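> One structure, pasted below without further comment.
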Amino acid sequence: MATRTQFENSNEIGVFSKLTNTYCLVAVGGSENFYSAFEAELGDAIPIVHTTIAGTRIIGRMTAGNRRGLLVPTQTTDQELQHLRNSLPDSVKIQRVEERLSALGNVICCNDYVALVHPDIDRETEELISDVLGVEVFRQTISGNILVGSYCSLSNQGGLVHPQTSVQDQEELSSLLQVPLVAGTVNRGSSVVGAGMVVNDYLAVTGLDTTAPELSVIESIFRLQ
Amino acid sequence: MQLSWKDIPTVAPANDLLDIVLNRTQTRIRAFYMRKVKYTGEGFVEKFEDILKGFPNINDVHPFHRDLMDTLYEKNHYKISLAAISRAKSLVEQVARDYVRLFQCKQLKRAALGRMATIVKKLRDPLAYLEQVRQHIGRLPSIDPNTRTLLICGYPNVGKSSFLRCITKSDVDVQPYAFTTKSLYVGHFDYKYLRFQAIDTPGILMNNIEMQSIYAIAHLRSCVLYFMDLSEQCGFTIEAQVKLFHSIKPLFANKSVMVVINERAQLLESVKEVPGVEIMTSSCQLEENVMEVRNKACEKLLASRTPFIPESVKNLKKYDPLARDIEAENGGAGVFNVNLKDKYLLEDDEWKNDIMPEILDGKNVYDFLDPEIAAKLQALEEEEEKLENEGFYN
Amino acid sequence: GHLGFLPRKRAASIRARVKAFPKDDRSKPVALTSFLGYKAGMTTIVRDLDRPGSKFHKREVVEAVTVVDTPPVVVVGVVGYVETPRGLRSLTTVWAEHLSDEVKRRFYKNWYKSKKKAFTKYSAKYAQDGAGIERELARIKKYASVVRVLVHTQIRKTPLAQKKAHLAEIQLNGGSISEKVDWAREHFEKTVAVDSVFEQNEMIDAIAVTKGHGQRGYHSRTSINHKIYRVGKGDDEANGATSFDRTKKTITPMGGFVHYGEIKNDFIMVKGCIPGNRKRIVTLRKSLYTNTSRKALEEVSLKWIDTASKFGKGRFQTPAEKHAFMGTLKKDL
Amino acid sequence: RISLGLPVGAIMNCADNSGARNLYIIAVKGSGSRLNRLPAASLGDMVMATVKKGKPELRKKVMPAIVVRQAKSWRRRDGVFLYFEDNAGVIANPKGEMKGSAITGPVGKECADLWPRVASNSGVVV
RNA sequence: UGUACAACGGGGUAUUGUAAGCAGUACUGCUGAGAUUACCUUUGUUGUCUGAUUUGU
RNA sequence: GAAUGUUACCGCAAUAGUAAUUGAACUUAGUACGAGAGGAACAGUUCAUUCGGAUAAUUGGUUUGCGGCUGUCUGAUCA
RNA sequence: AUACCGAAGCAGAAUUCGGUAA
RNA sequence: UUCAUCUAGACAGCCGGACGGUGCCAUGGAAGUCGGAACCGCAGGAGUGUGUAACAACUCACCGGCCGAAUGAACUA
């Protein structure tokens, strides 16, 4: 199920795109190799929204959401928000967030059930996420790193944590989040597994440098096969 | 260092080396001669250093590499040429230091060249040997000792040539004669998500090739898969093959040995005399037996809220060769711009061109723009009309 | 310093002499090879970058654009040329029967003192069956090879105290020089608009005299590869009638153009700046040939236009912005 | 256009959890034809700095450092001209593998886009 | 000898944030005030519009 | 700025000064090559540095004009 | 000052040599 | 200028013969042509190169069908 790609000869697959069980978000540019994989695996079953966030190419790290909706940070421009509302169907909501930090993908790890956020999240924003996404919000400290989303990736079926995550943390979180967790790497040992790949409950994409053992571990832990 | 070798610089013996510097280089007269000496000597020293550094030494690398070089080229000559080059460099330095230490001045510069030529030209034979060995050492395969490896030995062309070809990517001639594969062959295949390398050798029938193969087998940890035939390929009898296998007996048992074989089945009991070897039938022109052998060799070497899946998600079948096709039809991807209109899910088919004024001559339109503000339009407007009964300007 | 742009001796006139034309297309319909106008101040414009692969691709980007005060071009005559071994030569010159006071002033410095005996007896020759002034057309047709139209600008429309007309020769794109002269004669005393020659997104070039610093400056210069973003019509109103910013205003900055240039006639928007300052007459040309690059071929839209005055630092955009926050202003209301 | 503001050796602040406190820009890369006039660092520029206060590994050894903030007002093609808290930087290898597991403070959009991994390690943008 | 030249205050433009006083509750409403404004503007009024020299196949 | 007709406008050009310059990203690439790591390439696109001309959209070292601050004081706050 | 040709067991990367040229 | 060929067929150029005993050491293949040491039976080297693991196949030098007279090598200036 997992795909292989190299966006503009790069390796951060998840930085320039975000994906969920109901919609897909990708960056814009000139290269079509990255956009090819999404069509290959899904064709057009879900909206492959070619869009940017706050004028940045780091759309994947700047957006957080699940199947129930999507939300964008403060820096998103009025044109960006309007065209996003005109890109998503009425069945999917859109939200704006006001706070000092902006990188939702780096600040918040979002799945279909429970949302993991930076510990310093404000109460207003902490409560806001639950309503639109319909998920619980609990502050997380995976791997003892304050920026949980900067490197981590957690699909609904499991969780691929960065190699810096301790075994004790994985054991504690596996029985608490009700999902399996395994420590691994991507892009031939890259520690930032949250940037080099995107994974959900049926689809996965990895960089060209990704080795076979990493792909097999990702497939098995998330129950793709 | 690198298992293979190719970066070694080339050497042009005799006139070429002299010219490379002569053409490059070609009481103020004394100063000019001093400058010329300070350039010719430096150029010669740089050339000698490049020759020395580039060419690896026989005994300075892994002992396996030392043995491989010994069995390929002349052991003594390899060091003799290096010693001669070092002596030539020392003599060049001595000549330069000697100079460092009209009619009459004209002859000052001649001696420098007259003696540099004497020092250099005599090195043609060592330089010729260096150039000869350079070509042979610049194409050595990746005979990595660390990675798991398997070897095959036996009488030449008993079907062995096609075994490596059918076990891994390789091109080996199957023409029957003494040694069709004059040199080593290397093939790479992946198993258990880790690299495995297959290497082959003509065999053992002395000669330099025989010693090379024997030393390569002994030094390396690679297992040896002796080759035989249930039929009579090559024309040699079973007894000769058994004797040849016994010839390799003294040093092969410590490599986890196996035997591959293409009244006939009874005479093979002599091969089984060694408890360490395992024998099974196979064939070189089919895949199942060679793959079984490969799997067995790899095995031997190994010891040395609920999930959400929409129906539409699983309804579509994976495409079998895309954005590549669309942009290729559009005349290119990088040269073509991205398109938004008519692609993204428009809110409605009517207002296909929402143009957002985004300007109020002092503030952004979105500072208060909102939909369905009709109710507020019928309430706020009264503030600008009720001035008759008050007048805020006062 | 540039070797080609030496010596730095100043130009001999405000108008920059054009000495090159875009070859001679014998197949294109009759059209003007260049245009004439006046330079105003400068403004700011933003547009969507459709260039593929750019860092700001498919994003709004701000670009500096100047404004050229373009008065209507009224034809006053035409000039024919014949090839000779001694170079191009003007065999005959003709005029459009009548000449305005501004055109007549071009031949006079002490116009008020002079008896105003400008083009007059020449009109008397025209004031008949034609004869010579009609046989000149046949003479041009017989021998002429390239024909250059003679036009002047409506200076009195431009807010310039100097009412003297500015005139220059413009080559005709179309071939069949008979058609060249026929069209020129038919266009005698007619008014030509910008749309009749130039068009949006065209890569025009600008030539004018550089600013004088008060010898540095005040020398002729040629700038090429400048793309037009919008044909401007200042005779009408709501020049900012773009697809965006539906609060129509005028390109004129608050309080008028700084120093000079209160637009009261046609204008054009050109990418980047133009050599020379305002009050300087500038000639426009099609830049010989059109580059096929995206930066030269792509078409662009327009959006925000800056309207704040520069008589200081700049703040207010429109006079209606002054309310609410200032409370009471008894001096005014 | 790259300006000539911050010169070599600027003791800019450090905004990473790697334990560094300041970054002395001893060496700046990309100094080619810009002769006579000394080079200068900029947002997302390839420059190297030595941590003035820290362990010996970061003293006398030059390693690349990525600047995420500049404080000084900078022009943008988008039309914005604002500025924020202060200049800051991070220590990373030439390929952008920042050692620090976390980054604090805003990160300029100019450098975030051109350094996907640096942006991924930062939460605050602009 | 026609809004041709030029003065003006006005109008826009730029600038400042509580000015002269008066309402006394030991700074409060006029009061983001008055204000200048060598940039544009010259709408009405008002003043000027006539001199010496030279040239001419 | 001196002279050949007086004056002025639009033109031609004998002639002379020559101008550009380097790196980076996509797509052709993980392609040909190749046991293997590693990695071509034309052409089509996107940027900045060295140098040259420009103008002020913005920035920048750069009308005691508007708010008040000190002294000699008109008597006394307004100056 | 940069590049253009022919050669090297120059597979690719990469390197050297004889000519043009500053 | 010296020597040579002389319609017994000058020189260039096409097609053929280019064989036999047959060879030993390198043994792994080497038989003319990777490297050891130098006959002759009847126009033909136990071999000038190409090339194959080597035979294989072409070949030049030597001749033959061949063409119809100047010609090949070095010197003097």
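Every number here is computed from the coordinates shown, using simple stated rules; none is lab data. Positions of Cβ are backbone-derived with ideal geometry, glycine not excepted, and every protein chain shown enters the neighbour counts.
> Pop the C-beta distance of residue B:36 and residue B:205 into the FRET formula with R0 = 41 Å and round what comes out to the nearest 0.05.
Working: r = 59 Å, r/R0 = 1.45.
That gives a FRET efficiency of 0.10.
> Which of A:151, C:112 has the fewest other C-beta atoms within 10 Å, and how do the rest follow up to the most?
Values: A:151 27, C:112 7.
By the 10 Å Cβ count, ascending: C:112, A:151.
> Next question. Give, as a single signed number, the net charge of other residues whose beta carbon lies under 15 Å from the beta carbon of residue A:19, with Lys and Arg counted +1 and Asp and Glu -1. Spell out each step's value before the answer.
Numbers: positive: A:18, A:61, A:67, A:68; negative: A:12, A:39, A:41, A:44, A:112, A:201.
Here the charged neighbours net out to -2.
> Additional query: Grab the DSSP H runs of chain D that are 4 residues or longer, score each as -39,500 (n - 2.57), total them, divide by all residues and round the 222 nm result to the nearest 500 deg cm²/dmol. Write out the running numbers ahead of the final one.
On the way: 2 runs with 11 residues, N = 126.
Rounded to the nearest 500, it is -2000 deg cm²/dmol.
> Mind jotting down the distance between the C-alpha centroids of the range A:1-70 and the range B:331-394, whole Å?
29
> Would you mind pulling out the separation of the Cα centroids of the range B:87-157 and the range B:185-216, in Å?
Each part reduced to its Cα centre gives a spacing of 32 Å.
> Can you compute the helix-only [θ] at 222 nm over chain A? Use -39500 (n - 2.57) per DSSP H run of at least 4 residues, normalise by all residues, nearest 500 deg cm²/dmol.
Calculated mean residue ellipticity at 222 nm is -7000 deg cm²/dmol.
> Provide A:150, D:31 in ascending order of the number of other Cβ atoms located within 10 Å of each residue's Cβ, fewest first. Each step should come with its number before you reach the end.
On the way: A:150 27, D:31 13.
Ordered by Cβ neighbours within 10 Å, fewest first: D:31, A:150.
> Under the 0.36 nm per residue contour assumption, what length would be gained going from the current alpha-carbon distance of residue C:211 and residue C:55 to full extension? Can you show the working numbers first?
Numbers: separation 156, 0.36 × 156 = 56.16 nm, distance 3.42 nm.
Answer, rounded to one decimal: 52.7 nm.
> Suppose we keep just the DSSP beta bridges with both residues in the protein assembly as shown; what percent of those would be antiparallel, to 5? Don't skip to the end; give the middle numbers.
On the way: 92 of 125 bridges.
Bridges in the protein assembly as shown that DSSP calls antiparallel: roughly 75 percent.
> If you don't mind, there's one more thing I want to ask. Using 1/(1 + (r/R0)^6) with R0 = 45 angstrom and r between the beta carbons of residue C:325 and residue D:77, what's the FRET efficiency to the nearest 0.05?
Details: r = 31 Å, r/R0 = 0.70.
E between residue C:325 and residue D:77, to the nearest 0.05, is 0.90.
> Among the listed pairs C:233/C:303; B:6/B:300; C:310/D:72, which are separated by more than 26 Å between their Cα atoms?
Values: C:233/C:303 17 Å; B:6/B:300 33 Å; C:310/D:72 24 Å.
Pairs exceeding 26 Å: B:6/B:300.
> Same structure again: Computed over the Cα atoms of the protein assembly as shown, what is the convex hull's projected area averaged over all directions, in nm²? Walk me through the numbers on the way to the answer.
On the way: hull surface 291.2 nm².
For the protein assembly as shown, the mean projected area of the Cα convex hull comes to 72.8 nm².
> I need the peptides A:84-90, A:55-61 ranked by packing, meaning the mean over residues of other C-beta atoms within 10 angstrom, with the highest value on top.
A:55-61, A:84-90
> Something else: Among all the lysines, which ones have a C-alpha under 25 Å from residue B:36's C-alpha, if same-chain residues fewer than 8 places away are not counted?
List returned: B:47, B:89, B:106, B:109, B:121, B:122.
> List B:161, B:256 from most exposed to least, where exposure is judged by having the fewest other Cβ atoms within 10 Å. Before the final figure, lay out the partial values.
Working: B:161 22, B:256 18.
Listing B:161, B:256 from fewest to most nearby Cβ atoms yields B:256, B:161.
> On to the next question. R0 = 51 Å: FRET efficiency of residue B:29 with residue B:135, Cβ-based, nearest 0.05?
On the way: r = 45 Å, r/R0 = 0.88.
About 0.70, to the nearest 0.05.
> Now a separate question. Looking at the range B:189-324 from every direction and averaging, what is the projected area of its Cα convex hull in nm²?
Details: hull surface 66.2 nm².
Approximately 16.6 nm², given one-decimal rounding.
> Run down the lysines and flag those whose C-alpha is under 17 Å from the C-alpha of residue C:55, throwing out any fewer than 8 positions away in its chain.
C:295, D:109
> Take every residue in peptide B:341-347, count the Cβ atoms of other chains within 10 Å of its Cβ, and give the average of those counts.
Details: counts 2, 0, 5, 10, 10, 2, 7.
Counting Cβ atoms of other protein chains within 10 Å of each residue's Cβ and averaging gives 5.
> Using only atoms on other chains, find how many Cβ atoms lie within 10 Å of each Cβ of peptide A:101-109 and report the average. Intermediate values should be presented prior to the final figure.
Numbers: counts 6, 8, 10, 2, 3, 10, 4, 1, 0.
Mean shielding by partner chains, rounded to a whole number: 5.
> Tally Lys/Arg at +1 and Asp/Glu at -1 over every other residue whose Cβ is under 11 Å from the Cβ of residue B:342; what's the total? Before the final figure, lay out the partial values.
Working: positive: B:341, B:343, B:352; negative: B:349.
Net of charged neighbours comes to +2.
> Under 25 °C and 0.890 mPa s, how fast does chain C diffuse according to Stokes-Einstein, given a Kirkwood radius computed over C-alpha pairs? Answer in µm²/s, whole number.
Working: Rh = 22.3 Å.
Calculated translational D: 110 µm²/s.
> Compute the distance in nm between two label points, each set 7 Å from the Cα along the Cα-to-Cβ direction, one at residue D:35 and one at residue A:167.
So the label points at residue D:35 and residue A:167 sit 6.2 nm apart.
> Regarding the range C:184-322, what's the average projected area of the Cα-atom convex hull, expressed in nm²?
Numbers: hull surface 46.6 nm².
For the range C:184-322, averaging the hull's shadow over all directions gives 11.6 nm².
> Spin-label point model (7 Å from Cα, Cβ direction): what's the residue B:375 to residue C:176 distance in nm?
Result: 7.0 nm between the two label points.
> Shifting gears a bit: Which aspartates and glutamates have a Cα lying under 12 Å from the Cα of residue B:75, excluding residues fewer than 8 positions away in the same chain?
The qualifying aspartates and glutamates are B:67.
> Using the basic label-point model (7 angstrom from Cα toward the beta carbon), what is the residue A:136 to residue B:270 distance in nanometres?
7.8
> If you don't mind, there's one more thing I want to ask. When chain D is treated as a GNM, springs tying every alpha-carbon pair under 10 Å, which of D:110, D:57, D:97 comes out with the largest mean-square fluctuation?
Comparing D:110, D:57, D:97 in the GNM, the peak value goes to D:57.
> Right, here's the next one. Going by Cα centres, the range A:110-142 and the range C:58-121 are how many Å apart?
Taking the Cα centre of the range C:58-121 as reference, the centre of the range A:110-142 is 73 Å away.
> Would you look at the GNM of chain A, springs on alpha carbons closer than 10 Å, and say which of A:40, A:183, A:195 moves the most?
A:40
> If each DSSP helix of 4+ residues adds -39,500 (n - 2.57) and the sum is divided by the residues in chain C, what number results at 222 nm, nearest 500 deg cm²/dmol? Let's see the in-between values first.
On the way: 5 runs with 37 residues, N = 333.
Estimated from H runs of four or more residues: -3000 deg cm²/dmol.
> Further question on the same structure: Taking each residue in A:31-43, count the Cβ atoms of any other chain within 10 Å of its Cβ, then average. What number comes out?
Rounded to a whole number, the mean comes out at 6.
> Do the alpha carbons of any pairs in C:104/C:211; C:104/C:286; C:115/C:279; D:52/D:99 sit beyond 20 Å of each other, and which pairs? List each step's numbers first, then the result.
Numbers: C:104/C:211 28 Å; C:104/C:286 30 Å; C:115/C:279 29 Å; D:52/D:99 17 Å.
Table pairs above 20 Å Cα-Cα are C:104/C:211; C:104/C:286; C:115/C:279.
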